[PDB]
Amino acid sequence: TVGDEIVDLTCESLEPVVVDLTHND
Amino acid sequence: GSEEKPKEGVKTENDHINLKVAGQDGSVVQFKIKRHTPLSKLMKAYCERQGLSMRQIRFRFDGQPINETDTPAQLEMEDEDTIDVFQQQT
Amino acid sequence: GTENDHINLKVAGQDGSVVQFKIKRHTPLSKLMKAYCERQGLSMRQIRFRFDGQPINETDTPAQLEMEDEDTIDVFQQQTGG
């Protein structure tokens, strides 16, 4: 095959509720 | 060089999968497509790939014609699944 | 305790290095992992976060995974589902 694949589909994910990030590591 | 789409991660559509199209039973191609989307969106890839009218080729899925309009999900395709293309120049 | 507020998840990077992340339950872990990728330099696509013994999805959420603000997100680079 060797090569990307064009097609463009619907959405990918959905986020009901939001949230921030954190530090650590 | 790179490879996306859930390596065999077909859960419930809207989770893109790689679609393999076998043309002229001589080789294979691997497309990346979700599911809920009509396969006619995929049927032209191969074309843009091999130079096919898209409408002129003939595709198939495990026991299904998947008449483009058919969406992988609707039919229940999977990652790395294949869709055979057979279209002569006559 | 925790219904739809935040919760801290511990993401482990296979090497024994885990990380804490507060993520609202009904929120796609794709954010928590995004922070993990942020934390270091992973791709998030070449990475598969597994939850304390439970394959993960970018959309999978703590609630959806019955996690909590004291669970652990396990990280595995490419191996799980999508």
# chains A, B, ... in the order shown; residues from 1 in each chain; ligands from 1
>>> residues_around(residues="region 2-11 of chain B", least_positions_apart="2", cutoff="6 Å", atoms="only C-alpha atoms", output="ChimeraX atom specification")
/B:16-17,78-79 /C:81-82
>>> write_last_selection(atoms="N, CA and C atoms", output="compact mmCIF listing (two decimals), in the first residue's frame")
# COMPACT_ATOMS: atom_id res chain seq x y z
N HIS B 16 -13.05 5.24 13.49
CA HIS B 16 -12.30 4.94 12.27
C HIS B 16 -11.58 3.60 12.27
N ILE B 17 -11.64 2.93 11.12
CA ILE B 17 -10.97 1.65 10.93
C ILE B 17 -10.28 1.63 9.58
N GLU B 78 -14.74 -3.93 9.73
CA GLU B 78 -13.80 -3.88 10.83
C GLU B 78 -12.44 -3.35 10.37
N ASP B 79 -11.50 -3.26 11.31
CA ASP B 79 -10.17 -2.77 11.00
C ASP B 79 -9.39 -3.79 10.18
N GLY C 81 -7.04 -1.20 21.93
CA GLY C 81 -7.97 -0.88 20.87
C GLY C 81 -8.11 0.62 20.67
N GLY C 82 -9.12 1.04 19.92
CA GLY C 82 -9.33 2.45 19.67
C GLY C 82 -10.71 2.94 20.13
>>> closest_atom_pairs(of="chain C", to="chain B", cutoff="12 Å", atoms="only C-alpha atoms", output="CSV")
residue,atom,partner,partner_atom,distance
C:43,CA,B:4,CA,10.9
C:44,CA,B:4,CA,10.9
C:45,CA,B:4,CA,7.1
C:46,CA,B:4,CA,8.0
C:47,CA,B:6,CA,10.7
C:48,CA,B:6,CA,9.9
C:55,CA,B:9,CA,10.6
C:56,CA,B:9,CA,10.6
C:57,CA,B:9,CA,9.4
C:58,CA,B:15,CA,9.7
C:59,CA,B:15,CA,9.5
C:60,CA,B:11,CA,11.6
C:78,CA,B:7,CA,8.3
C:79,CA,B:7,CA,8.0
C:80,CA,B:9,CA,7.7
C:81,CA,B:9,CA,4.2
C:82,CA,B:9,CA,4.5
>>> interface_residues(of="chain C", to="chain A", cutoff="8 Å", atoms="only C-alpha atoms", output="list in words")
residues 4, 6, 17, 18, 19, 20, 21, 22, 23, 24, 25, 26, 27, 28, 31, 32, 35, 39, 58 and 59 of chain C
>>> write_last_selection(atoms="N, CA and C atoms", output="mmCIF file, in the first residue's frame")
data_model
loop_
_atom_site.group_PDB
_atom_site.id
_atom_site.type_symbol
_atom_site.label_atom_id
_atom_site.label_comp_id
_atom_site.auth_asym_id
_atom_site.auth_seq_id
_atom_site.Cartn_x
_atom_site.Cartn_y
_atom_site.Cartn_z
ATOM 1 N N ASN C 4 -19.764 13.840 38.850
ATOM 2 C CA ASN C 4 -19.394 14.423 37.566
ATOM 3 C C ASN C 4 -18.374 15.550 37.745
ATOM 4 N N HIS C 6 -14.232 16.496 39.241
ATOM 5 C CA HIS C 6 -12.958 15.966 38.822
ATOM 6 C C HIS C 6 -12.563 14.764 39.650
ATOM 7 N N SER C 17 6.684 4.532 35.500
ATOM 8 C CA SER C 17 6.437 5.939 35.753
ATOM 9 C C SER C 17 4.981 6.274 35.468
ATOM 10 N N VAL C 18 4.222 6.492 36.528
ATOM 11 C CA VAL C 18 2.810 6.837 36.421
ATOM 12 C C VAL C 18 2.637 8.332 36.718
ATOM 13 N N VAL C 19 1.471 8.890 36.401
ATOM 14 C CA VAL C 19 1.230 10.312 36.624
ATOM 15 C C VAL C 19 -0.184 10.550 37.118
ATOM 16 N N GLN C 20 -0.366 11.584 37.921
ATOM 17 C CA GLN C 20 -1.683 11.894 38.449
ATOM 18 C C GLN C 20 -2.382 12.935 37.595
ATOM 19 N N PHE C 21 -3.683 12.757 37.425
ATOM 20 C CA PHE C 21 -4.468 13.671 36.598
ATOM 21 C C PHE C 21 -5.914 13.773 37.032
ATOM 22 N N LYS C 22 -6.360 14.974 37.379
ATOM 23 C CA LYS C 22 -7.755 15.135 37.724
ATOM 24 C C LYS C 22 -8.542 15.354 36.453
ATOM 25 N N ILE C 23 -9.463 14.454 36.202
ATOM 26 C CA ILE C 23 -10.296 14.533 35.035
ATOM 27 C C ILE C 23 -11.732 14.291 35.438
ATOM 28 N N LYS C 24 -12.604 15.173 34.998
ATOM 29 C CA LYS C 24 -14.005 15.037 35.312
ATOM 30 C C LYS C 24 -14.488 13.695 34.772
ATOM 31 N N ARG C 25 -15.264 12.976 35.570
ATOM 32 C CA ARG C 25 -15.732 11.647 35.199
ATOM 33 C C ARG C 25 -16.292 11.562 33.788
ATOM 34 N N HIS C 26 -17.403 12.236 33.530
ATOM 35 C CA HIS C 26 -18.019 12.176 32.211
ATOM 36 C C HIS C 26 -17.184 12.879 31.150
ATOM 37 N N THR C 27 -15.871 12.937 31.354
ATOM 38 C CA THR C 27 -14.989 13.546 30.372
ATOM 39 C C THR C 27 -14.156 12.467 29.712
ATOM 40 N N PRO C 28 -13.941 12.565 28.402
ATOM 41 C CA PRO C 28 -13.144 11.585 27.689
ATOM 42 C C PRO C 28 -11.706 11.589 28.169
ATOM 43 N N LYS C 31 -8.386 13.537 27.315
ATOM 44 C CA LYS C 31 -7.839 14.750 27.897
ATOM 45 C C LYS C 31 -6.731 14.398 28.881
ATOM 46 N N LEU C 32 -7.026 13.459 29.776
ATOM 47 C CA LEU C 32 -6.065 12.994 30.771
ATOM 48 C C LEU C 32 -4.800 12.503 30.085
ATOM 49 N N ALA C 35 -2.713 15.156 28.610
ATOM 50 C CA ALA C 35 -1.856 15.777 29.601
ATOM 51 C C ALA C 35 -0.606 14.926 29.776
ATOM 52 N N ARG C 39 2.900 15.904 29.435
ATOM 53 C CA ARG C 39 3.871 15.640 30.457
ATOM 54 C C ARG C 39 5.243 15.303 29.886
ATOM 55 N N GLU C 58 -9.795 7.014 23.677
ATOM 56 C CA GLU C 58 -9.715 8.457 23.808
ATOM 57 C C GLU C 58 -11.020 9.005 24.376
ATOM 58 N N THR C 59 -12.115 8.320 24.069
ATOM 59 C CA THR C 59 -13.430 8.740 24.522
ATOM 60 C C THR C 59 -13.820 8.110 25.859
#
>>> closest_atom_pairs(of="chain B", to="chain A", cutoff="8 Å", atoms="only C-alpha atoms", output="tab-separated table")
residue	atom	partner	partner_atom	distance
B:1	CA	A:2	CA	7.7
B:14	CA	A:12	CA	5.5
B:15	CA	A:12	CA	6.1
B:16	CA	A:12	CA	7.6
B:28	CA	A:1	CA	7.2
B:29	CA	A:1	CA	5.3
B:30	CA	A:1	CA	6.3
B:31	CA	A:5	CA	5.4
B:32	CA	A:5	CA	5.7
B:33	CA	A:7	CA	6.6
B:34	CA	A:9	CA	6.2
B:36	CA	A:10	CA	7.9
B:37	CA	A:9	CA	6.3
B:41	CA	A:7	CA	5.9
B:42	CA	A:7	CA	6.2
B:45	CA	A:6	CA	6.6
>>> write_last_selection(atoms="C-alpha atoms", output="mmCIF file, in the first residue's frame")
data_model
loop_
_atom_site.group_PDB
_atom_site.id
_atom_site.type_symbol
_atom_site.label_atom_id
_atom_site.label_comp_id
_atom_site.auth_asym_id
_atom_site.auth_seq_id
_atom_site.Cartn_x
_atom_site.Cartn_y
_atom_site.Cartn_z
ATOM 1 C CA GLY B 1 6.303 5.311 7.399
ATOM 2 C CA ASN B 14 -17.141 6.767 14.790
ATOM 3 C CA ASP B 15 -13.893 5.050 15.738
ATOM 4 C CA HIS B 16 -12.304 4.942 12.266
ATOM 5 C CA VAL B 28 -4.688 -5.115 -2.060
ATOM 6 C CA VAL B 29 -5.014 -1.617 -0.693
ATOM 7 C CA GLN B 30 -5.644 -0.443 2.804
ATOM 8 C CA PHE B 31 -8.033 2.441 3.297
ATOM 9 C CA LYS B 32 -8.858 4.134 6.565
ATOM 10 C CA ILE B 33 -12.493 4.751 7.141
ATOM 11 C CA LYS B 34 -14.848 5.019 10.061
ATOM 12 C CA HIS B 36 -21.349 5.132 9.800
ATOM 13 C CA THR B 37 -20.063 6.823 6.621
ATOM 14 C CA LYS B 41 -16.683 7.695 0.327
ATOM 15 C CA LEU B 42 -14.192 4.825 0.307
ATOM 16 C CA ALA B 45 -10.140 6.203 -2.746
#
>>> residues_around(residues="residue 68 (chain B)", least_positions_apart="2", cutoff="7 Å", atoms="only C-alpha atoms", output="list in words")
residues 38, 39, 40, 43, 66 and 70 of chain B
>>> write_last_selection(atoms="C-alpha atoms", output="CSV table (one decimal), in the first residue's frame")
chain,number,residue,atom,x,y,z
B,38,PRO,CA,-21.3,5.5,3.3
B,39,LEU,CA,-18.7,3.3,1.6
B,40,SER,CA,-19.0,5.4,-1.6
B,43,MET,CA,-15.0,3.4,-3.2
B,66,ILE,CA,-21.8,-2.9,0.0
B,70,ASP,CA,-23.6,1.0,2.2
>>> select_by_dssp(residues="chain C", states="helix (DSSP H, G or I)", output="ChimeraX atom specification")
/C:30-39
>>> atom_distance(atom1="CA of residue 90 (chain B)", atom2="CA of residue 71 (chain B)")
27.4 Å
>>> select_by_dssp(residues="chain B", states="strand (DSSP E)", output="JSON, numbers by chain")
{"B": [17, 18, 19, 20, 21, 22, 23, 29, 30, 31, 32, 33, 81, 82, 83, 84, 85]}
>>> write_last_selection(atoms="N, CA, C and O atoms", output="short mmCIF file (atom, residue, chain, number, x, y, z; two decimals), in the first residue's frame")
data_model
loop_
_atom_site.label_atom_id
_atom_site.label_comp_id
_atom_site.auth_asym_id
_atom_site.auth_seq_id
_atom_site.Cartn_x
_atom_site.Cartn_y
_atom_site.Cartn_z
N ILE B 17 -11.64 2.93 11.12
CA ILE B 17 -10.97 1.65 10.93
C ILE B 17 -10.28 1.63 9.58
O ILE B 17 -10.64 2.39 8.69
N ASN B 18 -9.30 0.76 9.43
CA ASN B 18 -8.59 0.65 8.19
C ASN B 18 -9.38 -0.29 7.28
O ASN B 18 -9.77 -1.38 7.70
N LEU B 19 -9.62 0.13 6.05
CA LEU B 19 -10.37 -0.69 5.12
C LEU B 19 -9.51 -1.12 3.95
O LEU B 19 -8.96 -0.30 3.22
N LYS B 20 -9.40 -2.42 3.78
CA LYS B 20 -8.60 -3.00 2.71
C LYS B 20 -9.44 -3.27 1.48
O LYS B 20 -10.44 -3.97 1.56
N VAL B 21 -9.06 -2.74 0.33
CA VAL B 21 -9.82 -3.00 -0.88
C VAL B 21 -8.97 -3.83 -1.84
O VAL B 21 -7.85 -3.44 -2.19
N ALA B 22 -9.48 -4.98 -2.26
CA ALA B 22 -8.74 -5.86 -3.16
C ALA B 22 -9.20 -5.65 -4.60
O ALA B 22 -10.32 -6.01 -4.95
N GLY B 23 -8.35 -5.05 -5.42
CA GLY B 23 -8.72 -4.79 -6.79
C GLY B 23 -8.13 -5.74 -7.81
O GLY B 23 -6.93 -6.03 -7.80
N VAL B 29 -5.24 -2.96 -1.16
CA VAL B 29 -5.01 -1.62 -0.69
C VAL B 29 -5.65 -1.49 0.66
O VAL B 29 -6.62 -2.17 0.95
N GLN B 30 -5.10 -0.62 1.47
CA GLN B 30 -5.64 -0.44 2.80
C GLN B 30 -6.07 1.00 3.05
O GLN B 30 -5.26 1.91 3.17
N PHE B 31 -7.38 1.16 3.09
CA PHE B 31 -8.03 2.44 3.30
C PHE B 31 -8.32 2.64 4.76
O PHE B 31 -8.42 1.68 5.51
N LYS B 32 -8.51 3.87 5.18
CA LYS B 32 -8.86 4.13 6.56
C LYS B 32 -10.17 4.88 6.57
O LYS B 32 -10.28 6.00 6.09
N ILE B 33 -11.17 4.21 7.10
CA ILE B 33 -12.49 4.75 7.14
C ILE B 33 -13.22 4.36 8.41
O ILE B 33 -13.04 3.27 8.94
N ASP B 81 -10.29 -4.92 7.52
CA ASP B 81 -11.22 -5.69 6.73
C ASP B 81 -10.91 -5.41 5.28
O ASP B 81 -10.16 -4.49 4.97
N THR B 82 -11.48 -6.18 4.41
CA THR B 82 -11.23 -5.97 2.99
C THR B 82 -12.52 -5.81 2.22
O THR B 82 -13.58 -6.25 2.65
N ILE B 83 -12.42 -5.19 1.05
CA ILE B 83 -13.55 -4.97 0.18
C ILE B 83 -13.07 -5.21 -1.24
O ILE B 83 -12.35 -4.38 -1.80
N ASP B 84 -13.38 -6.36 -1.80
CA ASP B 84 -12.88 -6.71 -3.12
C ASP B 84 -13.47 -5.88 -4.27
O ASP B 84 -14.69 -5.76 -4.42
N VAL B 85 -12.56 -5.35 -5.10
CA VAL B 85 -12.89 -4.57 -6.29
C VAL B 85 -12.62 -5.42 -7.52
O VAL B 85 -11.50 -5.88 -7.72
#
>>> atom_distance(atom1="CA of residue 64 (chain B)", atom2="CA of residue 77 (chain B)")
10.4 Å
>>> atom_distance(atom1="CA of residue 88 (chain B)", atom2="CA of residue 63 (chain B)")
20.8 Å
